[PDB]
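**Q** Would you mind keeping the following structure in view while I ask a few things?
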Amino acid sequence: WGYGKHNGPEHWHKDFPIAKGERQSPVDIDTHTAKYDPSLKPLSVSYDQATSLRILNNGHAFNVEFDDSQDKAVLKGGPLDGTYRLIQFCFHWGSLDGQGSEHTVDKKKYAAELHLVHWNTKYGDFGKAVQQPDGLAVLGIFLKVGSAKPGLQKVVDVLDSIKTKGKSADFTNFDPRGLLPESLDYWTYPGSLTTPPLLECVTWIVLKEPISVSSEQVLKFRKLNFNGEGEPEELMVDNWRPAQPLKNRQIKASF
Numbered sequence: 089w090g091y092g093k094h095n096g097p098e099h100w101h102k103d104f105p106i107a108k109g110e111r112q113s114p115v116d117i118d119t120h121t122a123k124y125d126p127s128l129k130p131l132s133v134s135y136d137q138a139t140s141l142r143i144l145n146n147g148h149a150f151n152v153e154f155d156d157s158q159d160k161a162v163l164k165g166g167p168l169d170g171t172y173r174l175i176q177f178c179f180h181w182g183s184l185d186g187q188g189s190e191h192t193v194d195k196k197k198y199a200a201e202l203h204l205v206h207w208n209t210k211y212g213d214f215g216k217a218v219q220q221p222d223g224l225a226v227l228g229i230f231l232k233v234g235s236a237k238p239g240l241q242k243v244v245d246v247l248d249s250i251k252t253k254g255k256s257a258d259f260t261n262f263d264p265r266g267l268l269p270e271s272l273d274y275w276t277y278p279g280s281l282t283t284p285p286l287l288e289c290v291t292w293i294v295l296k297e298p299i300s301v302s303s304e305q306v307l308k309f310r311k312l313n314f315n316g317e318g319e320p321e322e323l324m325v326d327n328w329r330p331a332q333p334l335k336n337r338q339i340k341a342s343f
């Protein structure tokens, strides 16, 4: 799989039948239909003690990994039951500023989308959680083009180092707090991973408020390669999956 014309999103179903399941993500957030739910508690993001390890080019996106052996970077509250540990974050972006996000708001597409992946500590490890309906919590943050985002510059500058498929680089002392909007208002619904194996174990939490990034920050993302070093150059852009059918599910609002 990939995002090309012959191994793209519309082909995943062949290898990953759950592709056309009942709680697939991403979806379009119809703000007029979303239900304001008063029983929704505020989000609780404890990342002050986070420990980054590294960044790698997995051939479909780039990941910043975290040490999740202890409750260092956690997410709780909201619609969540128990503690969820930060394991990684990655992005989805497009060829142009008019495309790239996965989730859409009233059919509007953002320049990119940031996913903070967390797993339920009740299940002991990541691999056991992706076997549960409430195994993961993904924090989704939209990126619009405007002013630079200081907190993102550290990621931006190490891209050169992992241009191709399979590369990785040490990436310690990286504070994710630098990537959060001012507001923690959100939308929530039950869905899945947005990439194969597309397991339907995620509780999505899409922040309302987008973060702005400059044109040259986003530009550095478009310089990445899907291919491995020594193979024809195929730029890493449009690594986003198209909106899926809601199918009865309901999207709730904390505001």
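Each residue of the sequence shown is one higher than the last, beginning at 89 in our numbering.
Note that the Cβ used here is the ideal one computed from N, Cα and C, for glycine as well.
Following the continuous alpha helix (DSSP H) through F309, name the residue where it begins and the one where it ends.
**A** Indexing the sequence shown from 1 puts residue 309 at position 221. Here the alpha helix (DSSP H) through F309 covers 303-309.
**Q** Got a sec? Which residues, its chain only, sit under 8 Å from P238 by beta carbon, not counting five neighbours each side?
**A** Looking up residue 238 in the sequence shown gives position 150. If we look at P238 and ignore the five residues flanking it on each side, its Cβ neighbours are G266.
**Q** In the DSSP assignment, what are the bridge partners of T192?
**A** As a first step, residue 192 must be located in the sequence shown, where it is residue number 104. Answer is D116.
**Q** Can you check DSSP and say which residues form a bridge with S132?
**A** Taking the sequence shown and counting its residues from 1, one reaches residue 132 at position 44. The partner list for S132 (beta bridge, DSSP) reads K164.
**Q** According to DSSP, is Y274 part of a helix, a strand, or is it coil?
**A** Counting from 1 along the sequence shown, the entry for residue 274 is found at position 186. The answer is strand: DSSP assigns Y274 an E or B state.
**Q** Could you check how far apart the C-beta atoms of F154 and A161 are, in whole angstroms? I think they sit under 8 Å.
**A** Within the sequence shown, numbered from 1, the residue matching residue 154 stands at position 66. Within the sequence shown, numbered from 1, the residue matching residue 161 stands at position 73. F154 to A161, Cβ: 6 Å. Contact.
**Q** Which whole-angstrom value describes the C-beta separation of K340 and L128, a residue pair presumed to lie in contact below a C-beta threshold of 8 Å?
**A** Locating residue 340 in the sequence shown gives position 252, counting from the first residue. Locating residue 128 in the sequence shown gives position 40, counting from the first residue. Their Cβ separation, rounded to whole angstroms, is 7 Å, which keeps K340 and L128 in contact under 8 Å.
**Q** Name the residue from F262, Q332, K253 whose alpha carbon lies nearest to the alpha carbon of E322.
**A** Here residue 322 refers to the residue found at position 234 when the sequence shown is read from its first residue. Comparing Cα positions, the closest option is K253.
**Q** Give me whichever residues DSSP pairs with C289 in a beta bridge.
**A** As a working note, residue 289 is residue 201 in the sequence shown. In the DSSP output, where bridge partners are listed per residue, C289 has none listed.
**Q** Specify whether the region 244-258 and the region 220-231 touch according to this definition: at least 3 beta carbon pairs, one from each stretch, less than 8 Å apart.
**A** no
**Q** Should the region 209-218 be regarded as contacting the region 270-277, the criterion being three or more beta carbon pairs within less than 8 Å?
**A** no
**Q** For the candidate residues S303, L141, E317, whose alpha-carbon lies nearest to that of residue 75?
**A** Limits of the chain in this structure are 89 at one end and 343 at the other, which puts residue 75 out of reach.
**Q** Is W181 near the ligand HEM, in the sense that its beta carbon is under 6 Å from a heavy atom of that ligand?
**A** The model depicted lacks the ligand HEM and carries no ligand whatsoever.
**Q** Using three-state DSSP, classify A217 as helix, strand or coil.
**A** Translated into the one-based positions of the sequence shown, residue 217 becomes position 129. Of the three classes helix, strand and coil, the one that applies to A217 here is helix, per DSSP.
**Q** Should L268 go down as buried or exposed, given a rule of 16 or more other Cβ atoms within 10 Å for buried?
**A** As a first step, residue 268 must be located in the sequence shown, where it is residue number 180. Here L268 is buried, its C-beta having at least 16 other C-beta atoms within 10 Å.
**Q** Using beta-carbon positions only, say whether residue 47 and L141 come within less than 7 Å of one another.
**A** This structure does not reach residue 47, given that the chain is present from 89 up to 343, and the question cannot be answered.
**Q** Under a three-way DSSP split, which group does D258 fall into?
**A** Counting from one through the sequence shown, the residue named residue 258 turns up at place 170. Note: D258 maps to strand in three-state DSSP.
**Q** Taking 8 Å as the limit between beta carbons, can you name the residues of its chain near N261, skipping five residues before and five after?
**A** Translated into the one-based positions of the sequence shown, residue 261 becomes position 173. Cβ neighbours of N261 within its own chain (closer than 8 Å, five residues either side excluded): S140.
**Q** For a cutoff of 7 Å on Cβ pairs, would you count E321 as touching chain B?
**A** Checking the listed chains, one finds no chain B in this structure; it contains a single protein chain.
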